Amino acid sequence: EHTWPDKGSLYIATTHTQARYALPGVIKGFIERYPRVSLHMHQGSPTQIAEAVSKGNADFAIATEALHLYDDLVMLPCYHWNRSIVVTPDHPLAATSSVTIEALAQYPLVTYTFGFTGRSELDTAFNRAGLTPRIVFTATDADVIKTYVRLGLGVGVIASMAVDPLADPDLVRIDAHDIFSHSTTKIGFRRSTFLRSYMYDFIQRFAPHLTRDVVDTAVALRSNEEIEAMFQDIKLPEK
């Protein structure tokens, strides 16, 4: 009843951050439309995620590993995203008129770890202002991080999508898009993967600008550089 009868396997290798905040909608949508597609899902670190799809278990990889050893696979820009700073309401940073990277910094921090969902600005955006802050905590998911900010171990820096005013009503969102450059989530797959219609539909459902035609031409280029050139004048979804 309003479903495609397409039969086939779809194996995704993705990160926590992706699996938790960016993927659920799509997946629920997808699996409802394709009851004959065996959707398998495997979470993990950028290198294994690179490894899995590369040679050669999973069909797609979904991650902010704009990082390398990715050349084998066709990488496609999906969206940008940045970070919010979260604190307990009783924090000095709460009652502050737009904080700076130096105004941060004076504090002990609970961030992500490198490399795993873009802390690849943190430190490398800190040494930039010649700064080195106390990182009392590095983790891989925001929910752990959030709960340790509730403890008061330090100030947290997480993806803006990882704050949910509903889910997180004991924290203060402070947007830091000014403070840190955005991160790009891409989607990979090796050239030799035959692209199935459900796959295009999935790509499309996850990144609206990635239509069959866009996709095809992006893979017609011999480079991920060339691809990112293709979109350098396309405004991505900003998440």
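By rigid core we mean the largest C-alpha set that fits within 1.5 Å across both forms. In this text, residue numbers run from 1 along the sequence as written.
Asker: Report the stretch with the higher root mean square CA deviation, pooled over structures and residues in 5 other deposited structures of this protein, choosing between 121 to 129 and 72 to 80 after a rigid core fit.
Answerer: Checking 121 to 129 against 72 to 80 in 5 other deposited structures of this protein, I find the farther stretch is 121 to 129.
Asker: Compare 11 to 19 with 227 to 235 and report which one shows the larger root mean square C-alpha deviation from this form in 5 other deposited structures of this protein once the rigid core is superposed.
Answerer: Output: 227 to 235, the stretch lying farther off on average in 5 other deposited structures of this protein.
Asker: So which stretch wins on mean C-alpha B-factor, 81 to 89 or 111 to 119?
Answerer: Higher of the two, by average CA B-factor, is 111 to 119.
Asker: Taking only the CA atoms, which stretch has the higher mean B-factor in the record, 136 to 144 or 67 to 75?
Answerer: Mean B over CA atoms: larger for 67 to 75.
Asker: By the CA temperature factor listed in this entry, which of these ranks top: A52, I27, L210, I62?
Answerer: Comparing C-alpha B-factors across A52, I27, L210, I62, the top value belongs to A52.
Asker: Please place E32 in the lowest, middle or highest third of its chain by C-alpha B factor as given in the entry.
Answerer: Its C-alpha B-factor, which the entry lists for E32, ranks in the middle third among residues of this chain.
Asker: What third of the chain does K239 rank in for C-alpha temperature factor, lowest, middle or highest?
Answerer: Lowest third - that is where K239 ends up once the chain's C-alpha B-factors are sorted.
Asker: Taking the values exactly as deposited, rank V155 by C-alpha B-factor within its chain and report the matching third: lowest, middle or highest.
Answerer: Lowest third of the chain for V155's C-alpha B-factor.
Asker: Looking at the entry's B-factor column for C-alpha atoms only, identify whether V149 ranks in the lowest, middle or highest third of its chain.
Answerer: Lowest third, going by the recorded CA B-factors of the chain.
Asker: Taking only the Cα B-factors deposited for this chain, tell me whether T185 sits in the lowest, middle or highest third.
Answerer: According to the entry, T185 has a C-alpha B-factor in the chain's lowest third.
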